[PDB]
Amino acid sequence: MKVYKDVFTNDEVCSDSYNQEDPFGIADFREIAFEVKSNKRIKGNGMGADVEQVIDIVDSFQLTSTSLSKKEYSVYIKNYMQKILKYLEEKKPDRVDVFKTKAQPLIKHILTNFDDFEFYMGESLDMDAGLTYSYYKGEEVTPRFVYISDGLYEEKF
């Protein structure tokens, strides 16, 4: 089973146990991002309850939700993109051009719709590493999680 890890913290944030789809249903963004549909999970683990309802992705990869102002996010994302580009030049130079080119419209899409998102840090809680984005599509009852693929690397157990 293949797992996806943040290139900076090495936290696991997704895996092939989840089917990947086009981010926001936009095929043109698949080149640098993908999304997965989450589902409810019972007792994944305050004073407790008998039936603890959680989101499978969050529980599985031990993600922690985090809130932040739109301005703080714009600052964070500008630096995170530079950090990824620096990383790509050093380890995956063939991705440098697409990322630089395609990142802008994806980020502009997120910013334009900033209030529709929840954000998640991985296990290391590193505010400088990648964030996983979550949103509810139409009238769906569980969220979809979007990942910026160049900020991740693949690993096999």
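Numbers for residues come from their place in the sequence shown, where the first is 1.
In this entry, no coordinate-free residues of the deposited sequence separate residue 67 from residue 68.
Comparing 85-93 with 34-42, the stretch with the higher mean C-alpha B-factor in the PDB entry is 85-93.
Each of 111, 55, 131, 47 has a CA temperature factor in the record; the biggest one is found at 47.
Remark: residue 126 belongs to the highest third of its chain, ranked by C-alpha B-factor as recorded. Per the PDB record, residue ranking by Cα B-factor puts residue 9 in the highest third of the chain.
Ranked by Cα temperature factor within the chain, residue 23 sits in the middle third according to the deposited record.
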